[PDB]
Participant: 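Below is the structure I would like to discuss, written out as structure tokens.
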Amino acid sequence: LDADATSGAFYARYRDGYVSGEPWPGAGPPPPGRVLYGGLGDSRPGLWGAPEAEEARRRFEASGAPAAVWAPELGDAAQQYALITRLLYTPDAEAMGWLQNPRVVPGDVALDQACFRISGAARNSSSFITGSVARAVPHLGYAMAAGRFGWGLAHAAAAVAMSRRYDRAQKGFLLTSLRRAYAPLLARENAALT
Amino acid sequence: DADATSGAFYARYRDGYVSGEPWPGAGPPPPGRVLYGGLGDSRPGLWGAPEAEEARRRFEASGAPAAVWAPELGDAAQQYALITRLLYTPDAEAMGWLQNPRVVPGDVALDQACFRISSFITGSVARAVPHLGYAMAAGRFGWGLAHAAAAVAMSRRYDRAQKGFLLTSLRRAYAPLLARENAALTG
DNA sequence: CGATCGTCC
DNA sequence: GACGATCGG
Ligand SMILES: [Cl-]
């Protein structure tokens with residue numbers, strides 16, 4: 001009955017009231033001395049100078065590659081978003097396998113434990129809302145605060161990669177689909193916000 | 001890394017696949033069977049079963065997408081079209097509907113009957129979304145939006161406001177893709 | 001009761 | 001592969 005949609009005409013007319021580069025409603029930077037963590041608007045204090053944050057930041061700066069376990073104390077969220085987004089398009093990178101099960105050193109686990117420790121949350125579990133399904137992907141709030149819809153690819157790809165319901169070949173098809181969808185969006189968004 | 005920062009790298013990216021062409025290793029299920037599990041696997045059909053007929057006339061009476069879909073209810077292309085359109089309808093609560101849909105006793109009866117005729121791999125993270133193999137066999141990259149959105153909706157790491165931002169992000173990315181692919185594969 | 005997901009085989 | 005902790009319908 002809905003020939004307007006199956007023919008593509010409906011999607012050809014798509015538009016919204018949101019502007020790229022402007023903050024998503026209710027989103028914004030974390031308070032001073034704190035970093036984004038958990039749900040929308042939630043935050044935890046910073047761990048700059050702690051032994052866990054200092055060890056991980058040095059490994060991150062000495063490698064030039066995206067960190068396996070990322071935290072805002074390691075550097076710019078825009079830099080880790082750019083690295084992961086690029087990794088999703090680089091040939092023979094096996095990015096979906098890296099997002100689900102990255103090679104983790106003991107320093108990455110300590111950084112992850114210290115990040116939840118300072119948060120003051122009661123219980124850590126599979127149900128705890130963290131704002132990122134994969135620890136390598138920065139908190140989604142930084143994309144919401146910056147109005148960077150192209151940074152949603154990293155989260156959408158990581159959600160598919162973390163799911164236990166698709167096999168390797170099925171995940172590869174979804175990465176190809178996501179690649180096609182986001183490539184013109186990323187090109188337009190990066191050109192405008194620079 | 002100015003090529004990627006300026007966006008020129010992403011404007012140049014091109015794959016080697018063609019919309020409408022079968023994905024490598026993917027195809028229709030064997031005659032008399034329906035796609036199931038991982039890539040290439042399948043299970044026998046239930047087209048004449050009562051549970052499949054009780055949920056078919058329910059899905060055929062209401063022009064809305066089924067809450068628990070199965071190939072015995074109709075063509076996968078129809079359910080994919082309804083879910084994709086629903087993901088773009090303002091105030092549809094599509095992400096919450098994918099995660100926790102209203103389920104009748106007839107839906108779980110059809111659910112149970114599919115496991116009996118047949119690992120954690122199912123080929124669809126949400127039961128309303130048809131098996132991914134149907135999109136891979138049809139070369140429908142636009143049918144990945146339903147799976148990508150459903151994966152986000154099923155995740156426990158984002159709250160509702162965070163999922164809403166990703167829905168708009170997925171909307172803006174897939175809208176030009178869907179307009180081009182739907183027009184090319186339907187005329 | 002189902003799910004995700006940390007954590008092993 | 002699985003087992004379990006742990007939340008929402
Ligand atoms: Cl194409």
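Proteins get letters first, then strands, A, B, ... in listed order; numbering begins at 1 in each. Note that these values count all heavy atoms, side chains included, but never hydrogens, waters or copies made by symmetry.
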Participant: Decide, yes or no, whether a salt bridge links B/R85 with A/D4 under the criterion of side-chain N to carboxylate O below 4.0 Å.
Facilitator: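 Not counted as a salt bridge, because no side-chain N and carboxylate O are separated by less than 4.0 Å.
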
Participant: May I have the distance from A/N101 (atom CG) to D/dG1 (atom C1'), rounded to whole angstrom?
Facilitator: 14 Å

Participant: Between atom CG in A/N124 and atom P in D/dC7, what is the gap in whole Å?
Facilitator: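 Rounded to the whole Å, the gap is 10 Å.
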
Participant: For B/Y158 and C/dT4, give me the distance from atom OH to atom P, rounded to whole Å.
Facilitator: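 The answer, rounded to whole Å, is 15 Å.
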
Participant: Within this structure, what is the CZ-to-P distance between A/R123 and D/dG4, rounded to whole angstrom?
Facilitator: 17 Å

Participant: If only side-chain N and O atoms count, and only distance matters, is there a donor-acceptor pair under 3.5 Å linking A/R165 with B/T122?
Facilitator: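 Short answer, no.
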
Participant: Report the nucleotide, chosen from C/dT4, C/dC5, D/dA2, that has the shortest atom-to-atom distance to any side-chain atom of A/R165.
Facilitator: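 The answer is C/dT4.
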
Participant: Output the rounded distance in Å from CG (B/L98) to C1' (C/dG2).
Facilitator: 16 Å

Participant: So if I take every side-chain heavy atom of B/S119 and compare against D/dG1, D/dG4, D/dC7, which nucleotide ends up nearest?
Facilitator: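 Nearest to the side chain of B/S119 among the choices is D/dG1.
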
Participant: In sequence, state the C-alpha distance, the side-chain angles, and the governing distance for B/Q99 and B/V152, and then conclude on side chain to side chain contact (heavy atoms under 4.5 Å, CB included).
Facilitator: CA-CA 9 Å; B/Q99 179 174 22; B/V152 170; over 6 Å; no

Participant: Examine C/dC5: is either OP1 or OP2 under 4.0 Å from a nitrogen or oxygen in the side chain of B/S155? Give yes or no.
Facilitator: yes

Participant: Mind calculating the distance between CH2 (B/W97) and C1' (D/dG8) to the nearest angstrom?
Facilitator: 18 Å

Participant: Round to a whole Å and report the spacing from CD1 of A/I129 to P of D/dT6.
Facilitator: 16 Å

Participant: Considering just the side-chain nitrogens and oxygens of B/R156, establish if one lies under 4.0 Å of OP1 or OP2 belonging to C/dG6.
Facilitator: no

Participant: Side chain of B/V125, heavy atoms from C-beta onward: which of D/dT6, C/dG6, C/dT4 has the nearest atom to it?
Facilitator: C/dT4

Participant: Is there a side-chain hydrogen bond (donor to acceptor under 3.5 Å, both in side chains) between A/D16 and A/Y14? Walk through the geometry before answering.
Facilitator: CA-CA 7 Å; A/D16 54 57; A/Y14 173 78; 2.8 Å; yes

